[PDB]
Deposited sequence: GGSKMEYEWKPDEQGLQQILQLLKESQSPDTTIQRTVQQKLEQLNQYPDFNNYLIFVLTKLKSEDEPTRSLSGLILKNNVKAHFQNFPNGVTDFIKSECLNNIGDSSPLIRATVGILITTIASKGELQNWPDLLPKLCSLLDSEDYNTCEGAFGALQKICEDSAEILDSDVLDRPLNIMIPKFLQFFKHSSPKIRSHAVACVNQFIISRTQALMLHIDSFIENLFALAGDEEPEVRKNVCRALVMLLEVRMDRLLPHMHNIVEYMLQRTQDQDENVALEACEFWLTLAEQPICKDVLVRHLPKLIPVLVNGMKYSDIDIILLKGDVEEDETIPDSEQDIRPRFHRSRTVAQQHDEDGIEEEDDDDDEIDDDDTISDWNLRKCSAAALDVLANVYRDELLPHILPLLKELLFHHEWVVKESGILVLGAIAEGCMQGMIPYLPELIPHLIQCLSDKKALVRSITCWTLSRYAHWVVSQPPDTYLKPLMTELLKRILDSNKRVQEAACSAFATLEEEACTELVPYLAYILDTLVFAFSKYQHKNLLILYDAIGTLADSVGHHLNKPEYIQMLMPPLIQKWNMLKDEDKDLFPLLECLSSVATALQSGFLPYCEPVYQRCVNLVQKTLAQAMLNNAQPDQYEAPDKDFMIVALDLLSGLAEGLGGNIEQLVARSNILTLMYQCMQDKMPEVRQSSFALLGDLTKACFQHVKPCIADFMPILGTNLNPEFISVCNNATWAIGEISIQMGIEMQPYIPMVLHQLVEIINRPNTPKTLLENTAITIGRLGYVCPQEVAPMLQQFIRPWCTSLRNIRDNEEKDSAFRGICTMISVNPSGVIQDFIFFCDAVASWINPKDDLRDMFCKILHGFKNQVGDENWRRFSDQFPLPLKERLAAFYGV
């Protein structure tokens, strides 16, 4: 037992009363008084006392007392004395069934946070207490017990699944299932909500009972209560993903019931139902079980893709046309998003088979006079595009012109979704004669880039970037107009849209390439970019996209970038240097210095490597005057994989040109580069192989010692078929380059790498990397034919992969083929290939 003193109790009640004042100064001052009184050992005990024994006090005061006790728990429970902790536990369990739903909710969260803050083994009797209390004859105790149980199961599923308190679930799951029968709908909702927490974990206590679970779940399917239907749909989604075998016998009835729920009047029930279509489309059996239901399902999903009245109001689409929280509200998942995504995945799985069901609906929506219906039709046409392109093509000559008209529609929403749909059909648009569809499309899209409405602007920029990626060189005749409008966009845009504008400009540079290097384009594009570059300070996060954009420009312009190089270069160095400095400082004293944002040095290395790539030898007079070398060395010493990746990329680029200044540091680079290679941080390993290739081909025969330490690691990488194709291809390329410059160490290894070397390099398009790698393998076979006797078929395949190679490479292949045809076998090898490859071999 414990008792309060009257004056202290009354002072605490007065503070709780004053905590409800509208005056923020009163709130702050009484919060301060409370934070001070928290020092009192039994303050929390008075607080629970107000929550529980003073039934005479008004419910808001009691509720807030409970909530602030919950905060005190979360912050300080570890230093509560045992007496008050026991009082809290016992008393809140005594009042878990209090009449007021508000009091019962506060007590529920208080119990939940006590149990979560401590370990359940700090309160071992809690679960038996709640389980036994579920059997209450009084309703309120039962309801509160089950509510707190639901919260505990949601917060603490894993700890309940552990051996902690002797597998409690083994008794609870039979209990919860037994309460699916309960008369009160709220109790049934709690029961299903609790059981649902243990489906995805595949908890044995439940999976030992899935038959009873699904039987009672179907017995419960017909409930009137929206919460019950919500939780039943959620349970069936999870069970589909996990224990699909049991659901499969009843899949037809489950599908029909879940479609009925997809049409449910309550929006939450409908959303839960739509998740069923998304998850089912991911199971391999979907294309066989759901076909019979498509004619009933597609019209439903389509009908679900209309905006709700609430979305139309929030989007202000209702308004004539002559913010951040708006986005927060719209973006959040809803029935429209989910229906569109479900239709998208259904399109991906059924492809042309789904077209004859949706197309009659689509050709009604597209030309409907209600703008909401038209908008949903545009969204439908855009959603199925990716999966259904091959069957949709015949109608594009008819639809694309109307979509291009819709880009001029009065309603902003129609305009935006039209931009996105045309983006989805960009590839087919590009395939056609430019003057027929591409030029009108880009004209309208650029007119919308400067639209009045910001989401229209964002949609237009995204669509134009995708269209550029499809168009590539097709853009060049229109490049003046593209640049004019984009650089005008800088003068209009605002920060939220400015990053997608950067996306558009960077994509333009990437797709156009050296064609962008004209004086008018340079003096039109650069001034605003360097204006933003001067505007931003080194600490601004908005600097990440800009540099990520600028690098593209810098490479696309190649030497044309030179007048703007030096101030960029210098700053780009300083950034990484700073991030290194603080980083090591943070490593020395984490309390004195926080870990700096690695993204600055990552993007700085990326931009600097791209700058070296673009400028070639012209960057030598800068890197000679810089500490850059040491810095990137440290960047490859750093454990973080991204900086290692970026620094090896920069090493490769500074090796393509200006290697003469890198060379003295090779003795320091190579040991750590080879060491970093093998652990196979996929991107880091890939760049490490490629850097080894560059530095080896630069070094020549002088590379003697660095070959053994890398070659064993490289062939070990080739030993792993799990390597992604790019990494393995570059490993083979660098093996070839090493075999070219230093054969003697590679001489034993031909048999170990030639086969995957062939199967990888046969699919790279005859560039200088492939040229040097094949030169290397030719050198290797000339040095050791014995290593490829059992593998000449792979050599023939690799040599045949070349389409009209250089004359000297052709002669090397020719001479070595006429060599090992003598040194039947060559005829049989060439017979393994189709007419083209065999003919190429014969011509050689």
Q. What residue ranges of the deposited sequence are absent from the coordinates?
A. 1 to 7, 330 to 366, 868 to 870, 892 to 894
